[PDB]
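So this one's final-v7.pdb, PDB, C-alpha atoms (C1' of nucleotides):
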```
ATOM      1  CA  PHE A  12      -5.719 -48.769  -6.399
ATOM      2  CA  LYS A  13      -4.622 -46.361  -9.103
ATOM      3  CA  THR A  14      -1.751 -41.878  -8.002
ATOM      4  CA  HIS A  15      -2.142 -38.529  -9.861
ATOM      5  CA  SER A  16      -0.087 -38.581 -13.155
ATOM      6  CA  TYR A  17      -0.246 -34.762 -13.444
ATOM      7  CA  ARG A  18      -1.492 -34.189 -18.073
ATOM      8  CA  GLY A  19      -1.033 -42.579 -17.104
ATOM      9  CA  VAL A  20       2.166 -37.193 -18.241
ATOM     10  CA  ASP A  21       3.610 -41.945 -17.300
ATOM     11  CA  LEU A  22       4.318 -38.413 -10.534
ATOM     12  CA  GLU A  23       7.228 -40.214 -12.333
ATOM     13  CA  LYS A  24       9.458 -36.456 -12.663
ATOM     14  CA  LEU A  25       6.296 -34.642 -11.589
ATOM     15  CA  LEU A  26       7.721 -35.197  -8.051
ATOM     16  CA  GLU A  27      11.001 -33.121  -8.370
ATOM     17  CA  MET A  28      11.459 -31.307 -11.760
ATOM     18  CA  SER A  29      12.617 -28.105 -13.534
ATOM     19  CA  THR A  30      10.911 -24.736 -13.695
ATOM     20  CA  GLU A  31      11.801 -25.343 -19.548
ATOM     21  CA  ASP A  32       9.924 -28.452 -18.288
ATOM     22  CA  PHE A  33       6.592 -27.432 -16.697
ATOM     23  CA  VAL A  34       7.241 -23.943 -18.116
ATOM     24  CA  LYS A  35       5.574 -25.612 -21.177
ATOM     25  CA  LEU A  36       2.989 -27.980 -19.615
ATOM     26  CA  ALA A  37       0.564 -25.517 -18.044
ATOM     27  CA  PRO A  38      -2.831 -24.490 -19.551
ATOM     28  CA  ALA A  39      -2.431 -21.518 -21.963
ATOM     29  CA  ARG A  40      -2.220 -18.725 -19.371
ATOM     30  CA  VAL A  41       0.901 -19.739 -17.576
ATOM     31  CA  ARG A  42       3.739 -19.399 -22.055
ATOM     32  CA  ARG A  43       2.541 -15.980 -20.884
ATOM     33  CA  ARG A  44       3.495 -15.967 -17.171
ATOM     34  CA  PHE A  45       6.797 -17.814 -16.711
ATOM     35  CA  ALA A  46       7.659 -15.814 -19.905
ATOM     36  CA  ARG A  47       5.827 -12.601 -18.931
ATOM     37  CA  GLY A  48       7.491  -9.973 -16.151
ATOM     38  CA  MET A  49       9.155 -13.389 -15.926
ATOM     39  CA  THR A  50      12.562 -12.039 -12.629
ATOM     40  CA  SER A  51      11.907 -10.612  -9.123
ATOM     41  CA  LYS A  52       9.095 -12.996  -8.210
ATOM     42  CA  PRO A  53      11.246 -15.507  -6.287
ATOM     43  CA  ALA A  54      14.209 -13.199  -5.683
ATOM     44  CA  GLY A  55      14.115 -14.921  -2.242
ATOM     45  CA  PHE A  56      11.436 -17.591  -1.707
ATOM     46  CA  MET A  57      12.791 -20.382  -3.959
ATOM     47  CA  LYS A  58      16.053 -19.164  -2.323
ATOM     48  CA  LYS A  59      13.325 -19.001   2.669
ATOM     49  CA  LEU A  60      11.058 -23.151  -0.114
ATOM     50  CA  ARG A  61      14.849 -23.611   0.218
ATOM     51  CA  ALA A  62      16.168 -22.551   3.678
ATOM     52  CA  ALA A  63      12.067 -24.279   5.123
ATOM     53  CA  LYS A  64      11.836 -27.749   2.657
ATOM     54  CA  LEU A  65      15.558 -27.751   3.648
ATOM     55  CA  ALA A  66      16.179 -26.860   7.406
ATOM     56  CA  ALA A  67      13.839 -29.648   8.732
ATOM     57  CA  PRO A  68      15.117 -32.774  10.607
ATOM     58  CA  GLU A  69      11.950 -34.606   6.882
ATOM     59  CA  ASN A  70       8.612 -36.507   7.144
ATOM     60  CA  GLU A  71       8.427 -33.170  11.133
ATOM     61  CA  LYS A  72       6.093 -30.330   8.537
ATOM     62  CA  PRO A  73       8.944 -27.705   8.178
ATOM     63  CA  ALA A  74       9.151 -24.217   9.782
ATOM     64  CA  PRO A  75       6.645 -21.778   7.978
ATOM     65  CA  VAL A  76       7.994 -19.257   5.399
ATOM     66  CA  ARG A  77       7.613 -15.521   4.768
ATOM     67  CA  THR A  78       5.023 -14.210   2.542
ATOM     68  CA  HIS A  79       2.756 -10.917  -0.453
ATOM     69  CA  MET A  80       3.277 -13.243  -3.432
ATOM     70  CA  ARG A  81      -0.153 -14.642  -3.943
ATOM     71  CA  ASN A  82       1.235 -14.118  -7.497
ATOM     72  CA  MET A  83       3.606 -17.145  -7.671
ATOM     73  CA  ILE A  84       2.847 -20.478  -9.477
ATOM     74  CA  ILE A  85       2.167 -24.111  -8.370
ATOM     75  CA  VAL A  86       5.912 -26.010  -9.864
ATOM     76  CA  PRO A  87       7.291 -29.651  -9.486
ATOM     77  CA  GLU A  88      10.203 -28.689  -7.076
ATOM     78  CA  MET A  89       7.983 -27.009  -4.368
ATOM     79  CA  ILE A  90       6.308 -30.390  -3.579
ATOM     80  CA  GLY A  91       5.539 -30.414   0.166
ATOM     81  CA  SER A  92       6.369 -26.693   0.557
ATOM     82  CA  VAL A  93       5.656 -25.562   4.050
ATOM     83  CA  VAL A  94       3.879 -22.373   2.859
ATOM     84  CA  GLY A  95       2.305 -19.554   4.902
ATOM     85  CA  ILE A  96      -0.023 -15.797   2.734
ATOM     86  CA  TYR A  97      -1.225 -12.171   2.977
ATOM     87  CA  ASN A  98      -4.975 -11.829   2.450
ATOM     88  CA  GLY A  99      -4.227  -8.162   3.345
ATOM     89  CA  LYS A 100      -3.483  -8.568   7.085
ATOM     90  CA  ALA A 101      -2.391 -12.036   8.372
ATOM     91  CA  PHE A 102      -0.655 -15.194   7.045
ATOM     92  CA  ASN A 103      -3.451 -17.780   6.319
ATOM     93  CA  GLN A 104      -0.721 -21.447   6.096
ATOM     94  CA  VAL A 105      -1.351 -23.997   3.371
ATOM     95  CA  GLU A 106      -0.692 -28.070   2.857
ATOM     96  CA  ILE A 107       1.447 -27.859  -0.306
ATOM     97  CA  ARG A 108       0.919 -31.107  -3.670
ATOM     98  CA  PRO A 109       0.950 -33.333  -6.824
ATOM     99  CA  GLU A 110      -2.764 -32.519  -7.628
ATOM    100  CA  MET A 111      -2.503 -28.715  -6.903
ATOM    101  CA  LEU A 112      -0.036 -28.734  -9.842
ATOM    102  CA  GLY A 113      -0.939 -25.660 -13.285
ATOM    103  CA  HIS A 114      -3.380 -24.111 -10.839
ATOM    104  CA  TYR A 115      -3.249 -20.717  -9.098
ATOM    105  CA  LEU A 116      -0.815 -18.735  -5.748
ATOM    106  CA  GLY A 117      -2.925 -16.920  -3.072
ATOM    107  CA  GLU A 118      -7.210 -18.446  -5.738
ATOM    108  CA  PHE A 119      -6.340 -20.542  -2.593
ATOM    109  CA  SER A 120      -6.238 -17.889   0.158
ATOM    110  CA  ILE A 121      -9.825 -16.637   0.448
ATOM    111  CA  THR A 122      -9.146 -12.966   1.392
ATOM    112  CA  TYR A 123     -13.026 -10.970   1.799
ATOM    113  CA  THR A 124     -16.487 -13.077   4.766
ATOM    114  CA  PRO A 125     -19.181 -14.884   2.691
ATOM    115  CA  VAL A 126     -22.266 -14.837   5.019
TER     116      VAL A 126
ATOM    117  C1'   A B   1      21.933  12.631  23.659
ATOM    118  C1'   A B   2      22.959   7.758  23.806
ATOM    119  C1'   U B   3      25.371   2.439  21.554
ATOM    120  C1'   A B   4      30.929   3.859  19.937
ATOM    121  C1'   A B   5      36.214   1.905  14.300
ATOM    122  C1'   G B   6      37.083  -2.893  20.823
ATOM    123  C1'   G B   7      32.237  -2.607  15.251
ATOM    124  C1'   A B   8      26.343   1.549  14.493
ATOM    125  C1'   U B   9      24.674  -1.890  11.862
ATOM    126  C1'   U B  10      23.908  -4.476   6.857
ATOM    127  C1'   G B  11      23.524  -8.772   4.004
ATOM    128  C1'   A B  12      22.873 -13.945   3.320
ATOM    129  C1'   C B  13      23.789 -19.506   1.421
ATOM    130  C1'   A B  14      20.854 -23.718   2.250
ATOM    131  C1'   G B  15      18.464 -26.115   5.580
ATOM    132  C1'   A B  16      14.752 -26.040   9.971
ATOM    133  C1'   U B  17       9.966 -22.313   8.839
ATOM    134  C1'   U B  18       5.849 -21.512   4.465
ATOM    135  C1'   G B  19       2.013 -19.868  -0.438
ATOM    136  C1'   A B  20       7.464 -19.605  -1.612
ATOM    137  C1'   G B  21      14.001 -20.100  -4.604
ATOM    138  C1'   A B  22      10.604 -14.009   2.330
ATOM    139  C1'   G B  23      17.460 -15.338   5.785
ATOM    140  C1'   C B  24       9.654 -13.900   7.571
ATOM    141  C1'   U B  25      12.165 -16.191  11.828
ATOM    142  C1'   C B  26      15.998 -19.764  14.305
ATOM    143  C1'   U B  27      20.434 -23.368  13.398
ATOM    144  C1'   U B  28      25.824 -21.449  11.678
ATOM    145  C1'   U B  29      29.413 -17.481  11.900
ATOM    146  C1'   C B  30      30.993 -16.304   7.757
ATOM    147  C1'   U B  31      30.089 -11.046   5.656
ATOM    148  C1'   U B  32      29.290  -6.243   7.088
ATOM    149  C1'   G B  33      31.333  -1.614   7.250
ATOM    150  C1'   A B  34      29.913   5.041  10.538
ATOM    151  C1'   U B  35      25.683   5.720   5.312
ATOM    152  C1'   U B  36      22.684   2.823   9.725
ATOM    153  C1'   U B  37      20.509   1.892  14.667
ATOM    154  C1'   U B  38      17.823   3.083  19.679
ATOM    155  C1'   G B  39      15.252   6.765  22.765
ATOM    156  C1'   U B  40      14.049  12.218  22.908
ATOM    157  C1'   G B  41      12.223  16.408  19.566
ATOM    158  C1'   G B  42       9.160  15.884  14.802
ATOM    159  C1'   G B  43       7.462  14.916  10.360
ATOM    160  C1'   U B  44       5.285  13.203   6.494
ATOM    161  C1'   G B  45       2.697   8.833   4.509
ATOM    162  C1'   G B  46      -3.314   8.400   4.027
ATOM    163  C1'   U B  47      -9.824   6.005  -1.809
ATOM    164  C1'   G B  48      -9.644   6.730   7.094
ATOM    165  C1'   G B  49     -13.720  10.250   8.954
ATOM    166  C1'   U B  50     -16.279  15.348   8.606
ATOM    167  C1'   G B  51     -19.651  18.049   1.418
ATOM    168  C1'   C B  52     -22.827  20.970   7.333
ATOM    169  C1'   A B  53     -14.691  23.511   8.312
ATOM    170  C1'   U B  54     -14.223  24.664   2.526
ATOM    171  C1'   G B  55     -11.825  25.374  -3.042
ATOM    172  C1'   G B  56     -12.846  24.666  -7.608
ATOM    173  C1'   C B  57     -16.091  22.939 -10.944
ATOM    174  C1'   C B  58     -20.925  20.485 -12.394
ATOM    175  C1'   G B  59     -26.323  19.358 -11.439
ATOM    176  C1'   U B  60     -31.192  22.274 -10.052
ATOM    177  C1'   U B  61     -35.260  26.628 -10.027
ATOM    178  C1'   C B  62     -33.707  26.828 -16.495
ATOM    179  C1'   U B  63     -36.357  23.621 -24.505
ATOM    180  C1'   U B  64     -36.435  30.005 -18.252
ATOM    181  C1'   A B  65     -38.199  34.905 -19.485
ATOM    182  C1'   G B  66     -36.155  37.611 -16.647
ATOM    183  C1'   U B  67     -33.293  41.228 -13.762
ATOM    184  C1'   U B  68     -31.277  46.709 -12.476
ATOM    185  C1'   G B  69     -30.383  51.430 -12.763
ATOM    186  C1'   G B  70     -29.653  56.367 -13.598
ATOM    187  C1'   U B  71     -31.277  61.257 -14.960
ATOM    188  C1'   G B  72     -35.580  62.834 -14.432
ATOM    189  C1'   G B  73     -41.097  62.580 -12.543
ATOM    190  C1'   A B  74     -44.077  60.798  -8.933
ATOM    191  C1'   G B  75     -44.618  58.824  -4.079
ATOM    192  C1'   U B  76     -41.716  60.618   5.712
ATOM    193  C1'   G B  77     -39.445  56.707   3.754
ATOM    194  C1'   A B  78     -39.186  50.199   4.213
ATOM    195  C1'   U B  79     -39.038  53.438  -1.133
ATOM    196  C1'   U B  80     -42.222  53.168  -7.375
ATOM    197  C1'   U B  81     -43.626  52.967 -10.996
TER     198        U B  81
END
```
Written as structure tokens, that's how I'd like the structure from this file.
Amino acid sequence: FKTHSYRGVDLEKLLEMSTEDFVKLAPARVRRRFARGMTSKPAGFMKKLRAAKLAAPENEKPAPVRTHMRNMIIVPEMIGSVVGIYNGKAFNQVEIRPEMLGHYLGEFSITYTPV
RNA sequence: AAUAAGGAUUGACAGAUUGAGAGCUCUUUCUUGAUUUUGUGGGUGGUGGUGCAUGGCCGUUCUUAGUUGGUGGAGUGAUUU
């Protein structure tokens, strides 16, 4: 068997890392997202991601958060977190990952039905 | 009018919860300070309806040739040229 090494760059540091770090390693868009309208995104999610990941027993998933920030990023410290999102009415949750990392949040939440 | 400075209430760490560094909740029990909270009375959020409740504008008869009135004059008069 051969684990998702995020850009092996050698999970190991893509498990539990800074916000300077992967600020750089995203694909062009995001440079112009951590650095633009930077403040006031997680005025209190990375501070309810850290109340969740953190009030569990771990391994029992944690007690669901709330959020309408479908405009946040997927970063290497929210790895596991649980997360639950406004499509305009209700909180659709999601498994949060190492291979969701660099990608858009609430792309994921699917809003509109299709057929 | 009721809670009643003996706290109306507010806020939060982080962790449980989730997209999440929303104290959304619950764990704690710090903070909080008459500005809130609760019902009663009522408002003002409304790209929710009704274009046939309507305003204003803009399409159409319209790169149209067409209206209307006095004084005469005509013709109960609806009037007429």
Item checked: Shell of 9 Å around segment 26-34 of chain B, only C-alpha atoms (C1' of nucleotides), local chain residues under 6 positions omitted, as a list in words -> residues 66 of chain A; 5, 7, 8, 9, 10, 11, 12, 15, 16 and 17 of chain B
Notebook entry, point to check: What residues in chain A have any atom no more than 10 Å from chain B when counting only C-alpha atoms (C1' of nucleotides), and can you write them as a PyMOL selection string?
Noted result: chain A and resi 52-69+71-85+88-89+91-97+102-107+116-117+119-120
Next item on the list: Decode the PyMOL selection byres ((chain A and resi 113) around 12) for the given file into explicit residues and return them as a ChimeraX atom specification.
Entry: /A:17-18,25,30,33-42,44-45,83-87,108-112,114-116
Notebook entry, point to check: Counting all atoms listed in the file, which residues come within 9 Å of (25.3, 3.9, 21.5), with the point read in the file's coordinates, and could you list them as an MDAnalysis selection string?
Noted result: chainID B and resid 2:4 8 37:38
Next item on the list: Calculate how many Å separate atom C1' of residue 67 of chain B from atom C1' of residue 79 of chain B, rounding to one decimal.
Entry: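 Separating atom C1' of residue 67 of chain B from atom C1' of residue 79 of chain B is a distance of 18.5 Å.
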Notebook entry, point to check: Which distance in Å separates atom CA of residue 98 of chain A and atom CA of residue 121 of chain A, to one decimal?
Noted result: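 If I compute the distance from atom CA of residue 98 of chain A to atom CA of residue 121 of chain A, I get 7.1 Å.
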Next item on the list: Find the distance between atom CA of residue 20 of chain A and atom CA of residue 90 of chain A and write it in Å to one decimal.
Entry: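 These atoms are spaced 16.7 Å apart.
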Would you compute the box with edges along x, y and z of the file around segment 39-57 of chain A, including every atom the file lists for it and 6 Å extra on each side, and give its centre and edge lengths in Å to one decimal, as lines of an AutoDock Vina configuration file?
```
center_x = 5.9
center_y = -15.7
center_z = -11.9
size_x = 28.6
size_y = 23.5
size_z = 32.3
```
